[PDB]
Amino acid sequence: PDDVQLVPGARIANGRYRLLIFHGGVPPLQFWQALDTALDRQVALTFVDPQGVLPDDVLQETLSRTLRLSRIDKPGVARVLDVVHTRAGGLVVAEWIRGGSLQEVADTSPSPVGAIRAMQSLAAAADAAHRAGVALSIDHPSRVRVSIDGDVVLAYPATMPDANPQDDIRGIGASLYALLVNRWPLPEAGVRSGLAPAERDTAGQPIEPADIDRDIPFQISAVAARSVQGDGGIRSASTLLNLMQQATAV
């Protein structure tokens, strides 16, 4: 074979990373848990176009934009350890976050207040990213993990040319929604996350978190709704974090 096929146990990038577990993804992206054979420690891998179907310009712009993301040190985004050109595609290597996927954590029905607190890191991270002029691209539940320390983190950074800052704001709200309601408010692509789509009202808008479970405080619900909505009116990650903090304070 030209390129090493991706299966658990296989090694890629000059035999440096050993694949362990496939966590999903949205083509042309694959999220993997792997083992670095140089350091004997686990890393997150994001394969960009393993099959090399993309126009070269789109691949290069994804790696370059993701590199801009490599300068950001925040709890809310996995530290980028490296970005490599492979055989066909490219590879983003990040630190591994001990924890569980957004889906796994959402399924344990966390405290609404613990949820909103945990989300704050993701907003702060996105905001750092936007100031560096790059999106975090939270496009999908599988991008996200929650650390043992209670930080929501983008686990599998790759930023493709089409991703934009405003959709991160919606992604963050969607993730907050997932933790509150155990449902995903936004259209979902690629491999199924395990999150059942949210219930929608007559207008096709996701029903607010409190209207689902009333035990959830009124600002915590509002933050989620205004954030997920396209017209919701929260135009910056900095503003979103502040709103989150102001809701937690209550």
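When you see a residue number, it is the position in the sequence shown, counting from 1.
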Taking the recorded C-alpha temperature factors, which stretch has the higher mean, 56-64 or 196-204?
196-204
Which wins on mean Cα temperature factor, 208-216 or 181-189?
208-216
Among 176, 94, 97, 72, single out the one with the highest C-alpha B factor in the record, please.
72
Among 230, 24, 9, 15, single out the one with the highest C-alpha B factor in the record, please.
230
Quick tally, chain-level thirds of C-alpha B-factors: residue 103 sits in the middle
Looking at the entry's B-factor column for C-alpha atoms only, identify whether residue 109 ranks in the lowest, middle or highest third of its chain.
highest
Record-listed C-alpha B factor of residue 85: chain third
middle
Looking at the C-alpha B-factor of residue 234, is it in the lowest, middle or highest third of its chain?
highest
Residue 137: C-alpha B-factor third of its chain, per the entry, is the lowest
